[PDB]
Ligand SMILES: O[C@@H](COc1cccc2ncccc12)CN1CCN([C@@H]2c3ccccc3[C@@H]3[C@H](c4ccccc42)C3(F)F)CC1
Ligand SMILES: O[C@@H](COc1cccc2ncccc12)CN1CCN([C@@H]2c3ccccc3[C@@H]3[C@H](c4ccccc42)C3(F)F)CC1
Ligand SMILES: Nc1ncnc2c1ncn2[C@@H]1O[C@H](COP(=O)(O)OP(=O)(O)OP(=O)(O)O)[C@@H](O)[C@H]1O
């Protein structure tokens, strides 16, 4: 973060080869940059040879104009040969040196990250650390890459040009030197603008991007509450600012380039005026004036080309400071370490004694105050207590995830503090609540625990757990491919295979932490069976929720208020009547779009396009005008006239130069203004329409795997801003290229056809040379960050779940995987360095060889009296310099192909029409609904995978005032029925009624606004508390009285009153931290403001504590009252407070009856409640 680090300390991983590369690259760069200010020295003397003979011929009316020009053809070929070799060395060597140093840094930085222990990752954000690995290293690479050689080349050009200017003629050099600072400043500004191109500016758009992300991620709730119009309004309000910022950016860029060109042409005019004054006197010659002026001007404008390199180097140092800080940091308990104490046969005897512990982030407070245990081999320890006493702190402390501030922990006599770190974490097997799985196969995940394991032990471990049927029935058996972070598998299966993975390690001291994790009922029972199967000959500390499995335990340690007080088995705790007994009583592809359609999108802004095309014509018509004026101004001295006529003509031509500069600035500003405004308006309109279309489309469209939230926001952020490049930029590029190149070719053919025909063969190569130079100066080949995606995925999945990784003792494994994934792109970059170097060198050298070829043929033609020197200059400066300008213009513009590809998607999504339209005004909104929801033989299938049906003709019938309960396995039709009753999807078959009226003819907006729902998981908006609670009945301004009475009804109007600012806190962020109980209560409060006639809930309490669950449950029970409320919950939570129970079996209903019938009969419901 600090750029104040020594220059040479940056080059710390420099081998001998890298240092030799740097020195030879620097020498080659100094050589290469001395060519252009030297070609204007040969070009000056060549002009004198042509001009001197021209005076002699005119006086006589071309003897040695063909012999002398032979020598100067060699000089151009020599300078071109040097640039052919020097430029190859400069670009390739510096890129090779940087490509090698960064490879060491990238591997070494990942070595430091894995070395750091838990606690370092608490202070250092995992997201920020992941960002530094992928972006800061790239910043370093850009800083120490080709830009250093570019800086050396620019400085060499500056010094060589000024030396040549002073040596040839000092009088003219001083005049340009006086105005040199402003030229250098303008060049530096233009270079910084050019380098800061091709990177998307999302700082302005982030405001709207946050809203888009939150809406699209939570599209279910937005559709449920019918707030889509409000979200669209908010999105437009946010979009306006980004539109303004984009307009300003475009205007600034065009102003900068226009100022650069204006200064160039003004310098031309002043220098030529003073040069004519000198030449008429006789101090100088036309060739000497050309040499001095061109050399000094190139030198002055080249000192600004090195400006981006200095800033890049400073930023590289600043970004490398933190990376080097992490590298040289030594953890105290690092897993690597160096050997350590290691017993042969550790029997296993845990020991806690005076354990005082505090979390490093908040060490001012303490959680542990003297925990002490005496569990020996073969026993079992259980922990019971309230939420907040620190029942997982000891779990993390046992396997040396931290260090106790006071006291000691011992195992088998010896203290843990003197023990080999790898051995300890190897003998300590652990499981947690979340069964995190890696992207590799199930068998590969199993092998991840211990590498040197064959298939036989994996089979044994799977047999021990419960997977030898679940994975065998699945395709691909053991090697089943885990995809999309374990999308196929569900929670219980992941937990079972995580138990198997823990079994694979064959540990000696097991350690379970909240393994239950409320995995419904059957999954929970199976997990408990697997857990008890696992615990046979192992010292375990079993922390369990619901406090039912803790009954059977050798020592049920009572974790209450730090130091454990309650102790003993169930009978002793029952006699003592402590926290254990109390809580026990408590519990018991797309075809391309034609250019015409894309053009029609921005048709409403036609005047902008008209003015822009006119300005593009006037702007592109400037290079041939410059060629004509240059040829005329040199021909003024070529011919024999009287001095006064020469002076007057030269002054006229200088004024023409100044007028050209003024026109260039004006047209650049106007073209930028018009085209930028048109593009920004088009982008805003496209984003608005795409967002509206996305909101209108049904849930099935979002459920499609291609249409993910990330993909949709990427479309809305990138493609809707790239579409503008297929109309305005395309028109400007084509118009400018035509109006310069065609005009130059036509003018050249009129004045000379032989030389034009010869020069028409190098035009493609010169244009490609300009394109290559412009695509290297802007770093377009360096902003790319592809071919490292696999390594980035490995790094992310190893740094995000670093706790599981460090508990699994796998650092060398991930290090080697990262190195292997980095190996191939290293060699690819090494080859691409040479490829790019040779391409740049050849393309640059063609520009130097063109002089020799063109002027040799021109010498022949002039000798044989077929044209004049002025015509040769006109043809050259119109066919070659025009080609350079064509190549440069065609590169400083967005790519046309990607623009049309994005426009295809934009046009596809804009015109899309849904099935369940959410904007259909047609409807039959009645007076009052009695909430009679019935289902008849309804068969439904998911749209993404219409292969196995979910519903098999359900039959359902509910009257007003009756509370219906439905129970079944997890993932069954209950959630799908909830979705379908709200008309989220379309049933394939069956009928849905509502007070005798079919659901087809009911208005969608009326239905979704006529009832309220509570989501299975708590979903919250980042708006204020007042807005988040007023996000219920929309299209109506609500008062605070309704809000407060709903909060009172929801049993939440205590915590809100116990908060600063009351009903104004920024909910979902800052320090609100509602946990889960308060989130559920505020969600049901938001659902209660609408006063729905029918209320739907689905597993509100899923993974809450043993205290906040009761408050939410009683709030739900109170909220029902006289409403047609459907309820899905965890078994006895609300199943017995209802009236009728519905049983689901493979989607279709199984039995229908009251509680007494189902309980008395030996049915499935009795089976799962026995
Ligand atoms: O390609 C080399 C070598 O070019 C030649 C070699 C040999 C003979 C030649 N004969 C005639 C013309 C070029 C010749 C020169 N580039 C030409 C292109 N510069 C670009 C550039 C881009 C767009 C508009 C104007 C400019 C000009 C300088 C500049 C300043 C800062 C950042 C970038 C640049 C500027 F703003 F003033 C870099 C140097
Ligand atoms: O092709 C033109 C015009 O380019 C464009 C025209 C219109 C629109 C454009 N839009 C985007 C990019 C380029 C555009 C640019 N060359 C390249 C830049 N000059 C090079 C050059 C090289 C290094 C440093 C400074 C310069 C500048 C002039 C100069 C004088 C004598 C010999 C060569 C040159 C100078 F010493 F003062 C020639 C014109
Ligand atoms: N990442 C963390 N950084 C700092 N303090 C934390 C962090 N996680 C938890 N704590 C604090 O550590 C203390 C003990 O946490 P505790 O073990 O009770 O966590 P838990 O997730 O509720 O688990 P358990 O229910 O098993 O006890 C609490 O005061 C808690 O706020």
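Easy rule for this one: first residue shown is 1, then count along the chain.
Heads up, the Cβ atoms here are built off N, Cα and C, so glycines get one too.
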Per Swiss-Prot, the range holding transmembrane segment, considering 75-95, 96-116: 75-95
Shared topological domain relative to the membrane, residue 130 and residue 859, Swiss-Prot: no
203-226, 227-250, 251-274 - the range that Swiss-Prot marks as transmembrane segment: 251-274
CB contact flag for the transmembrane segment (174-194) and the transmembrane segment (289-310), at least three pairs under 8 A: yes
Beyond the flanks of the transmembrane segment (145-166) by 6 or more, those residues with Cβ under 8 Å of it: 25-26, 29-34, 36-38, 40-41, 90-91, 93-95, 98, 172-173, 176, 291-292, 295-300, 302-303, 305-306, 308-310, 312-313, 776, 782
Residue among the binding-site residues 387, 969 whose Cβ has the most other Cβ atoms within 10 Å: 969
In three-state DSSP terms, the structure that residue 387 (ATP 1 binding site) belongs to: coil
Least surrounded among the binding-site residues, given as 385, 388, 390, 968, when other CB atoms within 10 Å are counted: 388
Cα-to-Cα distance of termini bounding the 13-residue gap, residue 61 and residue 62, in Å: 12
Long-range Cβ environment of residue 971 (ATP 2 binding site), under 8 Å and at least 6 residues apart: 490
Cβ under 6 Å from ligand 3: qualifying binding-site residues of 388, 390, 391, 392, 972: 388, 390, 391, 392
Secondary structure content of the topological domain 'Cytoplasmic' (773-832), with strand meaning DSSP E or B: 43 helix, 0 strand, 17 coil
Beyond the flanks of the transmembrane segment (16-38) by 6 or more, those residues with Cβ under 8 Å of it: 79, 82-83, 85-87, 89-90, 93-94, 96-97, 100-101, 148-150, 152-157, 160-161, 164, 295, 298-299, 302, 848
Extra residues within 8 Å (Cβ to Cβ centroid of 385, 386, 387, 388, 389, 390, 391, 392), ATP 1: 559
